[PDB]
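As provided, structure-v7.cif (mmCIF, N, CA, C and O atoms) reads as follows.
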data_query
loop_
_atom_site.label_atom_id
_atom_site.label_comp_id
_atom_site.auth_asym_id
_atom_site.auth_seq_id
_atom_site.Cartn_x
_atom_site.Cartn_y
_atom_site.Cartn_z
N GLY A 1 140.59 118.20 112.47
CA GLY A 1 139.78 119.21 113.15
C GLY A 1 140.45 119.63 114.43
O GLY A 1 141.65 119.91 114.41
N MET A 2 139.70 119.65 115.54
CA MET A 2 140.15 120.22 116.81
C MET A 2 140.08 119.22 117.97
O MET A 2 140.23 119.62 119.13
N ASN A 3 139.79 117.94 117.70
CA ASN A 3 139.34 116.97 118.70
C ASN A 3 140.02 115.61 118.50
O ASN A 3 140.55 115.35 117.41
N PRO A 4 140.05 114.74 119.53
CA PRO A 4 140.72 113.44 119.46
C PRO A 4 140.00 112.45 118.53
O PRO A 4 138.90 112.72 118.03
N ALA A 5 140.62 111.28 118.31
CA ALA A 5 140.17 110.23 117.41
C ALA A 5 140.30 108.85 118.07
O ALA A 5 139.28 108.19 118.31
N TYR A 6 141.52 108.41 118.41
CA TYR A 6 141.81 107.12 119.06
C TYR A 6 141.23 105.87 118.36
O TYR A 6 141.10 104.83 118.99
N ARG A 7 140.95 105.92 117.05
CA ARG A 7 140.47 104.76 116.27
C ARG A 7 139.17 104.19 116.86
O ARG A 7 138.97 102.97 116.83
N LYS A 8 138.30 105.05 117.41
CA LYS A 8 137.04 104.61 118.00
C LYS A 8 135.90 105.03 117.09
O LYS A 8 135.39 104.19 116.35
N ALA A 9 135.53 106.32 117.09
CA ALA A 9 134.38 106.81 116.35
C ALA A 9 134.46 106.49 114.85
O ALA A 9 133.43 106.19 114.24
N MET A 10 135.65 106.52 114.25
CA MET A 10 135.88 106.18 112.84
C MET A 10 135.41 104.76 112.54
O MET A 10 134.77 104.53 111.52
N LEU A 11 135.75 103.83 113.43
CA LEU A 11 135.42 102.42 113.30
C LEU A 11 133.92 102.23 113.44
O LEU A 11 133.32 101.45 112.70
N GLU A 12 133.31 102.93 114.39
CA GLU A 12 131.88 102.88 114.62
C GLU A 12 131.13 103.45 113.41
O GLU A 12 130.14 102.85 113.00
N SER A 13 131.64 104.50 112.76
CA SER A 13 131.06 105.04 111.53
C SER A 13 131.17 104.04 110.36
O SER A 13 130.30 104.02 109.48
N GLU A 14 132.21 103.19 110.35
CA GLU A 14 132.35 102.12 109.37
C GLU A 14 131.26 101.07 109.58
O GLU A 14 130.66 100.59 108.61
N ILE A 15 130.99 100.71 110.84
CA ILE A 15 129.97 99.74 111.22
C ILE A 15 128.57 100.33 110.97
O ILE A 15 127.64 99.59 110.62
N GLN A 16 128.40 101.65 111.12
CA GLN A 16 127.14 102.34 111.00
C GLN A 16 126.48 102.04 109.64
O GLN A 16 125.34 101.59 109.59
N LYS A 17 127.22 102.26 108.54
CA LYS A 17 126.73 102.04 107.18
C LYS A 17 126.45 100.58 106.89
O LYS A 17 125.47 100.26 106.23
N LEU A 18 127.33 99.70 107.37
CA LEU A 18 127.20 98.25 107.24
C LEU A 18 125.83 97.77 107.71
O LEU A 18 125.15 97.02 107.01
N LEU A 19 125.43 98.19 108.91
CA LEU A 19 124.15 97.82 109.49
C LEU A 19 122.99 98.39 108.66
O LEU A 19 121.94 97.77 108.59
N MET A 20 123.16 99.55 108.02
CA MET A 20 122.12 100.14 107.19
C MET A 20 121.95 99.37 105.88
O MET A 20 120.81 99.06 105.51
N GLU A 21 123.03 99.02 105.19
CA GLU A 21 122.98 98.15 104.01
C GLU A 21 122.31 96.82 104.37
O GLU A 21 121.40 96.38 103.66
N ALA A 22 122.71 96.22 105.49
CA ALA A 22 122.06 95.02 105.99
C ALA A 22 120.56 95.26 106.18
O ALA A 22 119.76 94.47 105.69
N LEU A 23 120.15 96.35 106.84
CA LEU A 23 118.73 96.69 107.02
C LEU A 23 117.99 96.76 105.68
O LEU A 23 116.92 96.17 105.55
N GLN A 24 118.54 97.45 104.68
CA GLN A 24 117.94 97.54 103.36
C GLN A 24 117.77 96.16 102.70
O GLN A 24 116.90 96.01 101.83
N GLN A 25 118.55 95.17 103.11
CA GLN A 25 118.54 93.79 102.62
C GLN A 25 117.87 92.82 103.60
O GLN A 25 117.84 91.62 103.34
N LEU A 26 117.36 93.30 104.74
CA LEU A 26 116.79 92.46 105.80
C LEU A 26 115.42 91.94 105.38
O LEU A 26 115.12 90.77 105.62
N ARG A 27 114.61 92.76 104.71
CA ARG A 27 113.22 92.50 104.29
C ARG A 27 112.27 92.39 105.48
O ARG A 27 111.27 93.13 105.49
N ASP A 28 112.57 91.56 106.49
CA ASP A 28 111.87 91.45 107.78
C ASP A 28 110.42 90.97 107.64
O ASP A 28 109.92 90.82 106.51
N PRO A 29 109.74 90.56 108.73
CA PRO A 29 108.32 90.29 108.69
C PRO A 29 107.56 91.60 108.50
O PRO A 29 106.77 91.71 107.56
N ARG A 30 107.80 92.57 109.38
CA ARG A 30 107.15 93.86 109.47
C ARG A 30 108.04 94.75 110.33
O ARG A 30 107.83 94.88 111.54
N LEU A 31 109.04 95.34 109.70
CA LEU A 31 109.79 96.48 110.18
C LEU A 31 109.68 97.54 109.10
O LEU A 31 110.18 97.37 107.99
N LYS A 32 108.98 98.63 109.41
CA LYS A 32 108.86 99.79 108.56
C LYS A 32 110.20 100.53 108.51
O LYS A 32 110.45 101.43 109.32
N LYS A 33 111.11 100.15 107.61
CA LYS A 33 112.47 100.69 107.55
C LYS A 33 112.50 102.16 107.16
O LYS A 33 113.51 102.85 107.36
N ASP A 34 111.41 102.65 106.60
CA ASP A 34 111.26 104.03 106.16
C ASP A 34 111.09 104.94 107.38
O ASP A 34 111.17 106.16 107.26
N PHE A 35 110.85 104.37 108.56
CA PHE A 35 110.55 105.05 109.81
C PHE A 35 111.58 104.65 110.86
O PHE A 35 111.23 104.43 112.01
N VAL A 36 112.85 104.50 110.50
CA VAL A 36 113.89 104.17 111.47
C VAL A 36 115.22 104.68 110.95
O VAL A 36 115.34 105.04 109.77
N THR A 37 116.23 104.74 111.80
CA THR A 37 117.61 104.68 111.38
C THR A 37 118.41 104.02 112.51
O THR A 37 117.89 103.81 113.62
N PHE A 38 119.67 103.75 112.23
CA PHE A 38 120.70 103.38 113.18
C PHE A 38 121.70 104.52 113.09
O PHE A 38 122.35 104.69 112.06
N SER A 39 121.74 105.37 114.13
CA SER A 39 122.55 106.57 114.11
C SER A 39 123.76 106.32 114.99
O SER A 39 124.89 106.31 114.48
N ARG A 40 123.58 106.17 116.30
CA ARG A 40 124.70 106.01 117.22
C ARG A 40 125.08 104.53 117.30
O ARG A 40 124.21 103.66 117.41
N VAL A 41 126.38 104.24 117.22
CA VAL A 41 126.96 102.93 117.43
C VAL A 41 128.16 103.16 118.35
O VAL A 41 128.93 104.10 118.11
N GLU A 42 128.34 102.34 119.39
CA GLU A 42 129.47 102.42 120.29
C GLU A 42 129.96 101.03 120.68
O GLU A 42 129.22 100.22 121.25
N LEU A 43 131.21 100.71 120.34
CA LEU A 43 131.79 99.42 120.67
C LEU A 43 132.46 99.49 122.03
O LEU A 43 132.84 100.56 122.52
N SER A 44 132.60 98.31 122.64
CA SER A 44 133.07 98.09 123.99
C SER A 44 134.57 98.37 124.16
O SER A 44 135.29 98.64 123.19
N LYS A 45 135.04 98.20 125.40
CA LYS A 45 136.44 98.34 125.80
C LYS A 45 137.34 97.53 124.88
O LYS A 45 138.16 98.11 124.17
N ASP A 46 137.19 96.20 124.88
CA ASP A 46 137.98 95.30 124.03
C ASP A 46 137.24 95.06 122.71
O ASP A 46 137.44 94.03 122.06
N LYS A 47 136.31 95.95 122.32
CA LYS A 47 135.44 95.83 121.15
C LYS A 47 134.66 94.51 121.07
O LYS A 47 134.18 94.14 120.00
N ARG A 48 134.50 93.78 122.19
CA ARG A 48 133.79 92.50 122.23
C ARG A 48 132.27 92.66 122.18
O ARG A 48 131.56 91.70 121.89
N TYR A 49 131.75 93.87 122.40
CA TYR A 49 130.34 94.20 122.31
C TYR A 49 130.21 95.43 121.43
O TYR A 49 131.19 96.18 121.29
N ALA A 50 129.05 95.60 120.82
CA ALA A 50 128.73 96.68 119.89
C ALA A 50 127.31 97.15 120.19
O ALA A 50 126.36 96.40 119.99
N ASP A 51 127.18 98.35 120.72
CA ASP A 51 125.92 98.92 121.17
C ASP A 51 125.36 99.72 120.00
O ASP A 51 126.04 100.63 119.52
N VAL A 52 124.16 99.38 119.50
CA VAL A 52 123.55 99.98 118.32
C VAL A 52 122.24 100.65 118.74
O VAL A 52 121.33 99.99 119.25
N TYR A 53 122.17 101.96 118.54
CA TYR A 53 121.07 102.81 118.97
C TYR A 53 120.13 103.00 117.77
O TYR A 53 120.48 103.60 116.75
N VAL A 54 118.93 102.47 117.91
CA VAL A 54 117.88 102.42 116.90
C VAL A 54 116.83 103.50 117.20
O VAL A 54 116.19 103.48 118.25
N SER A 55 116.64 104.44 116.27
CA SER A 55 115.73 105.56 116.44
C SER A 55 114.47 105.34 115.58
O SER A 55 114.40 105.87 114.46
N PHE A 56 113.48 104.57 116.06
CA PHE A 56 112.22 104.38 115.34
C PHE A 56 111.41 105.68 115.29
O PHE A 56 111.44 106.48 116.23
N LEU A 57 110.63 105.87 114.23
CA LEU A 57 109.87 107.08 113.88
C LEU A 57 108.37 106.85 114.09
O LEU A 57 107.52 107.52 113.50
N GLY A 58 108.04 105.91 114.96
CA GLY A 58 106.70 105.63 115.45
C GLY A 58 106.58 106.14 116.87
O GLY A 58 107.43 106.90 117.35
N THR A 59 105.52 105.71 117.52
CA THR A 59 105.28 105.91 118.94
C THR A 59 106.30 105.12 119.75
O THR A 59 106.91 104.18 119.22
N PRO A 60 106.48 105.42 121.05
CA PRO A 60 107.40 104.67 121.90
C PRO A 60 106.92 103.24 122.14
O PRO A 60 107.74 102.34 122.33
N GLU A 61 105.60 103.02 122.13
CA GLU A 61 104.97 101.72 122.28
C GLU A 61 105.38 100.83 121.10
O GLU A 61 105.83 99.70 121.29
N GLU A 62 105.27 101.37 119.88
CA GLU A 62 105.73 100.73 118.66
C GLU A 62 107.24 100.55 118.68
O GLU A 62 107.72 99.48 118.31
N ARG A 63 107.99 101.57 119.08
CA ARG A 63 109.45 101.55 119.08
C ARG A 63 109.96 100.33 119.84
O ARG A 63 110.86 99.67 119.33
N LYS A 64 109.36 99.99 120.99
CA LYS A 64 109.76 98.83 121.77
C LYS A 64 109.64 97.54 120.95
O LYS A 64 110.57 96.74 120.97
N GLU A 65 108.52 97.35 120.23
CA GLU A 65 108.23 96.16 119.43
C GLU A 65 109.36 95.92 118.43
O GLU A 65 109.78 94.77 118.23
N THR A 66 109.90 96.98 117.83
CA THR A 66 110.93 96.87 116.81
C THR A 66 112.23 96.25 117.36
O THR A 66 112.99 95.66 116.59
N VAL A 67 112.50 96.40 118.66
CA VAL A 67 113.76 95.97 119.25
C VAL A 67 113.81 94.44 119.27
O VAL A 67 114.87 93.87 119.03
N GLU A 68 112.67 93.77 119.47
CA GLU A 68 112.61 92.32 119.48
C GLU A 68 112.75 91.78 118.06
O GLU A 68 113.49 90.81 117.85
N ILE A 69 112.13 92.43 117.08
CA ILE A 69 112.31 92.11 115.66
C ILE A 69 113.81 92.24 115.32
O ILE A 69 114.38 91.34 114.69
N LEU A 70 114.49 93.31 115.77
CA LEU A 70 115.92 93.49 115.56
C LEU A 70 116.73 92.37 116.22
O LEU A 70 117.67 91.83 115.64
N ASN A 71 116.39 92.04 117.47
CA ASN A 71 117.12 91.05 118.25
C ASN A 71 116.93 89.63 117.73
O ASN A 71 117.81 88.79 117.91
N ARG A 72 115.81 89.36 117.06
CA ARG A 72 115.64 88.19 116.20
C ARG A 72 116.59 88.29 115.01
O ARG A 72 117.37 87.36 114.80
N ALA A 73 116.60 89.40 114.27
CA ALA A 73 117.46 89.60 113.11
C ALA A 73 118.98 89.65 113.41
O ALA A 73 119.78 89.71 112.47
N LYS A 74 119.43 89.59 114.68
CA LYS A 74 120.83 89.73 115.10
C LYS A 74 121.81 88.93 114.24
O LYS A 74 122.82 89.49 113.82
N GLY A 75 121.54 87.65 113.98
CA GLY A 75 122.45 86.78 113.25
C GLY A 75 122.68 87.26 111.82
O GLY A 75 123.83 87.30 111.38
N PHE A 76 121.62 87.66 111.12
CA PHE A 76 121.66 88.22 109.77
C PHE A 76 122.56 89.46 109.75
O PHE A 76 123.43 89.58 108.88
N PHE A 77 122.40 90.36 110.72
CA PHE A 77 123.25 91.54 110.81
C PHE A 77 124.71 91.14 111.04
O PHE A 77 125.59 91.55 110.29
N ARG A 78 124.97 90.37 112.10
CA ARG A 78 126.31 90.13 112.60
C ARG A 78 127.14 89.31 111.60
O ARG A 78 128.35 89.53 111.53
N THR A 79 126.53 88.41 110.83
CA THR A 79 127.25 87.66 109.82
C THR A 79 127.75 88.55 108.69
O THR A 79 128.89 88.40 108.25
N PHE A 80 126.96 89.55 108.29
CA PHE A 80 127.39 90.50 107.27
C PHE A 80 128.66 91.21 107.73
O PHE A 80 129.60 91.33 106.97
N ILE A 81 128.72 91.67 108.98
CA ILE A 81 129.92 92.32 109.51
C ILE A 81 131.09 91.33 109.46
O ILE A 81 132.20 91.70 109.09
N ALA A 82 130.88 90.05 109.75
CA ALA A 82 131.96 89.08 109.64
C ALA A 82 132.41 88.82 108.19
O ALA A 82 133.43 88.16 108.01
N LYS A 83 131.72 89.30 107.16
CA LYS A 83 132.25 89.32 105.79
C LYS A 83 133.33 90.38 105.65
O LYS A 83 134.34 90.15 104.98
N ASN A 84 133.08 91.57 106.21
CA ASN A 84 133.90 92.77 106.07
C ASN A 84 135.00 92.83 107.13
O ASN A 84 136.18 92.85 106.78
N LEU A 85 134.65 92.87 108.42
CA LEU A 85 135.57 92.95 109.54
C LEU A 85 136.41 91.68 109.60
O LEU A 85 135.91 90.59 109.92
N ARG A 86 137.70 91.81 109.32
CA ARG A 86 138.68 90.75 109.55
C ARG A 86 138.92 90.60 111.05
O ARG A 86 139.88 91.18 111.58
N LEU A 87 138.07 89.85 111.75
CA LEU A 87 138.34 89.18 113.03
C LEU A 87 137.64 87.83 112.99
O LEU A 87 136.74 87.62 112.16
N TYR A 88 138.03 86.92 113.88
CA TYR A 88 137.48 85.57 113.99
C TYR A 88 135.97 85.63 114.24
O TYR A 88 135.18 85.38 113.32
N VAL A 89 135.56 85.98 115.46
CA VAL A 89 134.16 86.21 115.79
C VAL A 89 133.91 87.72 115.84
O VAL A 89 134.85 88.52 115.94
N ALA A 90 132.64 88.10 115.74
CA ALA A 90 132.21 89.48 115.70
C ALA A 90 131.57 89.86 117.05
O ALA A 90 131.09 88.96 117.76
N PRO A 91 131.51 91.16 117.39
CA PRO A 91 130.93 91.60 118.65
C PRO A 91 129.46 91.22 118.75
O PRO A 91 128.76 91.02 117.74
N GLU A 92 128.97 91.16 119.98
CA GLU A 92 127.55 91.03 120.23
C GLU A 92 126.92 92.38 119.88
O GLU A 92 127.09 93.36 120.62
N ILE A 93 126.26 92.45 118.73
CA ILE A 93 125.48 93.59 118.26
C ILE A 93 124.24 93.66 119.16
O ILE A 93 123.26 92.95 118.93
N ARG A 94 124.30 94.43 120.25
CA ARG A 94 123.16 94.65 121.12
C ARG A 94 122.40 95.86 120.58
O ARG A 94 122.94 96.96 120.56
N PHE A 95 121.19 95.62 120.08
CA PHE A 95 120.30 96.68 119.65
C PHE A 95 119.58 97.24 120.86
O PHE A 95 119.12 96.48 121.72
N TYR A 96 119.42 98.56 120.91
CA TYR A 96 118.66 99.27 121.91
C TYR A 96 117.85 100.35 121.20
O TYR A 96 118.28 100.89 120.18
N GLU A 97 116.70 100.71 121.75
CA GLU A 97 115.84 101.78 121.22
C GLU A 97 116.33 103.15 121.66
O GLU A 97 115.64 103.91 122.35
N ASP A 98 117.54 103.45 121.21
CA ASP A 98 118.26 104.71 121.39
C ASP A 98 118.19 105.19 122.84
O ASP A 98 117.39 106.06 123.20
N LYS A 99 119.00 104.58 123.70
CA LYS A 99 119.04 104.78 125.14
C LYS A 99 120.49 104.92 125.61
O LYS A 99 121.04 104.01 126.22
N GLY A 100 121.07 106.09 125.37
CA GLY A 100 122.28 106.55 126.05
C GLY A 100 121.86 107.10 127.40
O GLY A 100 121.39 108.24 127.48
N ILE A 101 121.94 106.29 128.46
CA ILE A 101 121.50 106.67 129.79
C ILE A 101 122.45 106.02 130.80
O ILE A 101 122.34 104.83 131.10
N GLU A 102 123.42 106.79 131.29
CA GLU A 102 124.43 106.35 132.24
C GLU A 102 123.80 105.87 133.56
O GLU A 102 123.25 106.67 134.33
N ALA A 103 123.86 104.56 133.81
CA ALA A 103 123.64 103.92 135.10
C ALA A 103 124.05 102.44 135.04
O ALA A 103 124.63 101.92 136.00
N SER A 104 123.71 101.75 133.95
CA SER A 104 123.70 100.29 133.86
C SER A 104 124.57 99.80 132.71
O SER A 104 125.01 100.59 131.87
N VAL A 105 124.77 98.48 132.63
CA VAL A 105 125.27 97.78 131.46
C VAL A 105 124.44 96.50 131.35
O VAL A 105 123.49 96.47 130.57
N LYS A 106 124.69 95.51 132.23
CA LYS A 106 124.05 94.19 132.22
C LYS A 106 124.29 93.56 130.86
O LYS A 106 125.47 93.38 130.50
#
Show me this structure written as structure tokens.
Amino acid sequence: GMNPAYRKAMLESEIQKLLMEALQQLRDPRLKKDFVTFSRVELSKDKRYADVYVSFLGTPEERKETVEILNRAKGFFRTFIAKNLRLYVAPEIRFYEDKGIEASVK
């Protein structure tokens, strides 16, 4: 096309589908998967962290609840990526309720 690549967004798009297949196989206590997606994914400088933007299709009050269910499910997600991604350990999959907002990291 007309724009840069740098092996960033392509890799994040590879991780994007992985997390969705994992979600379809998560089963969960009560996550209405029909009312969510994982759209934006952005990995860190040294790819040691992986920021996953979760867009719930409920109210914002409900949307918050889903993030703790996701953060419980972290190990199930991250182990699946360690099947596919040839590296020793995998990034910290930090789930967020779709918050691209420049100020913080923590």
Exercise for review: Starting from the shown file, work through the PyMOL selection byres (((chain A and resi 59-71 and name CA) around 7) and name CA) and note down what comes out as a PyMOL selection string.
Suggested key: chain A and resi 31+56-58+72-74+95-97
Exercise for review: In Å, rounded to a single decimal, give me how far atom N of residue A:75 is from atom N of residue A:93.
Suggested key: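 A separation of 8.2 Å between them.
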Care to translate the PyMOL selection byres ((chain A and resi 53) around 6) into actual residues of this file, as a tab-separated table (two decimals) with N, CA, C and O atoms, in the coordinates of the input?
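The result, written out as result_24.tsv:
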chain	number	residue	atom	x	y	z
A	37	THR	N	116.23	104.74	111.80
A	37	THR	CA	117.61	104.68	111.38
A	37	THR	C	118.41	104.02	112.51
A	37	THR	O	117.89	103.81	113.62
A	38	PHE	N	119.67	103.75	112.23
A	38	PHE	CA	120.70	103.38	113.18
A	38	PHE	C	121.70	104.52	113.09
A	38	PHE	O	122.35	104.69	112.06
A	39	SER	N	121.74	105.37	114.13
A	39	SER	CA	122.55	106.57	114.11
A	39	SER	C	123.76	106.32	114.99
A	39	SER	O	124.89	106.31	114.48
A	40	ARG	N	123.58	106.17	116.30
A	40	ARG	CA	124.70	106.01	117.22
A	40	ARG	C	125.08	104.53	117.30
A	40	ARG	O	124.21	103.66	117.41
A	41	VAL	N	126.38	104.24	117.22
A	41	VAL	CA	126.96	102.93	117.43
A	41	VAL	C	128.16	103.16	118.35
A	41	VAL	O	128.93	104.10	118.11
A	51	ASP	N	127.18	98.35	120.72
A	51	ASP	CA	125.92	98.92	121.17
A	51	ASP	C	125.36	99.72	120.00
A	51	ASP	O	126.04	100.63	119.52
A	52	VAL	N	124.16	99.38	119.50
A	52	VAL	CA	123.55	99.98	118.32
A	52	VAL	C	122.24	100.65	118.74
A	52	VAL	O	121.33	99.99	119.25
A	54	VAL	N	118.93	102.47	117.91
A	54	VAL	CA	117.88	102.42	116.90
A	54	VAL	C	116.83	103.50	117.20
A	54	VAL	O	116.19	103.48	118.25
A	55	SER	N	116.64	104.44	116.27
A	55	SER	CA	115.73	105.56	116.44
A	55	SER	C	114.47	105.34	115.58
A	55	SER	O	114.40	105.87	114.46
A	94	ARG	N	124.30	94.43	120.25
A	94	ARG	CA	123.16	94.65	121.12
A	94	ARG	C	122.40	95.86	120.58
A	94	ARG	O	122.94	96.96	120.56
A	95	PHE	N	121.19	95.62	120.08
A	95	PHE	CA	120.30	96.68	119.65
A	95	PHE	C	119.58	97.24	120.86
A	95	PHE	O	119.12	96.48	121.72
A	96	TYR	N	119.42	98.56	120.91
A	96	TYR	CA	118.66	99.27	121.91
A	96	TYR	C	117.85	100.35	121.20
A	96	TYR	O	118.28	100.89	120.18
A	97	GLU	N	116.70	100.71	121.75
A	97	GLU	CA	115.84	101.78	121.22
A	97	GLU	C	116.33	103.15	121.66
A	97	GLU	O	115.64	103.91	122.35
A	98	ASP	N	117.54	103.45	121.21
A	98	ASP	CA	118.26	104.71	121.39
A	98	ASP	C	118.19	105.19	122.84
A	98	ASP	O	117.39	106.06	123.20
A	99	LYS	N	119.00	104.58	123.70
A	99	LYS	CA	119.04	104.78	125.14
A	99	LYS	C	120.49	104.92	125.61
A	99	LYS	O	121.04	104.01	126.22
Practice item. Evaluate the PyMOL selection byres ((chain A and resi 12) around 8) on the structure here and hand back the selected residues as an NGL selection string. Key: :A and (7-11 or 13-19 or 39-43 or 51)
Check your understanding: For the atom pair atom N of residue A:23 and atom CA of residue A:85, what is the interatomic distance in Å to one decimal place?
Key -> 16.0 Å
Contacts of residue A:48 within 6 Å, only N, CA, C and O atoms, excl. fewer than 5 positions in-chain, as a short mmCIF file (atom, residue, chain, number, x, y, z; two decimals) with N, CA, C and O atoms, in the frame of the given file:
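Contents of selection04.cif, as written:
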data_model
loop_
_atom_site.label_atom_id
_atom_site.label_comp_id
_atom_site.auth_asym_id
_atom_site.auth_seq_id
_atom_site.Cartn_x
_atom_site.Cartn_y
_atom_site.Cartn_z
N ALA A 90 132.64 88.10 115.74
CA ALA A 90 132.21 89.48 115.70
C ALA A 90 131.57 89.86 117.05
O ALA A 90 131.09 88.96 117.76
N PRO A 91 131.51 91.16 117.39
CA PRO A 91 130.93 91.60 118.65
C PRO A 91 129.46 91.22 118.75
O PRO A 91 128.76 91.02 117.74
N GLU A 92 128.97 91.16 119.98
CA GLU A 92 127.55 91.03 120.23
C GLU A 92 126.92 92.38 119.88
O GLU A 92 127.09 93.36 120.62
#
Edge lengths and centre in Å to one decimal, as JSON, of the axis-aligned box that encloses all listed atoms of stretch 57-61 of chain A with 5 Å added on every side?
{"center_x": 107.8, "center_y": 103.6, "center_z": 117.9, "size_x": 15.7, "size_y": 17.8, "size_z": 18.8}
Review point. Looking only at the backbone, which of the residues in chain A does DSSP tag as alpha helix (DSSP H), as an MDAnalysis selection string?
Key: chainID A and resid 9:24 60:84
Exercise for review: Enumerate, as a list in words, the complete set of residues in chain A that a backbone-based DSSP assignment places in strand (DSSP E or B).
Suggested key: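 Written out, the strand (DSSP E or B) residues of chain A are residues 38, 39, 40, 41, 42, 43, 49, 50, 51, 52, 53, 54, 92, 93, 94, 95 and 96 of chain A.
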